[PDB]
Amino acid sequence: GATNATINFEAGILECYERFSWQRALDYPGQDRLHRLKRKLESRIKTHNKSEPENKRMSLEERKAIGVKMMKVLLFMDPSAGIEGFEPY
């Protein structure tokens, strides 16, 4: 529910920790935090997906893309994936 939405949002959040860690900006307790979040969302995704029909199931990967989009919208940024898609103004 609010559980699905919250999972997808948290999957975007995870993707951002990951991107930041890739750029060597995430500190060591931050990377512990990233590992806890990934394990926790994995277990939460397994459970949520097990309680829905086949066609209402989504991998972590798909969900990350959903949460990244949510994050863009909330921060008032163009919602399109990737570096392509900006408007001029």
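Throughout, rigid core stands for the largest set of C-alpha atoms superposing within 1.5 Å between the two forms. Quick note: we count residues from 1 along the sequence shown, nothing fancier.
For the pair 18 to 26 and 69 to 77, greater average C-alpha departure from the shown form in 6 other deposited structures of this protein after core alignment is found in 69 to 77.
The stretch that moves more in 6 other deposited structures of this protein, judged by CA deviation after a rigid core superposition and choosing between 78 to 86 and 3 to 11, is 78 to 86. Two stretches are in play, 39 to 47 and 60 to 68, and the higher mean C-alpha B-factor belongs to 39 to 47.
Among the modelled residues of its chain, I83 has a C-alpha B-factor that falls in the lowest third, as given in the PDB entry.
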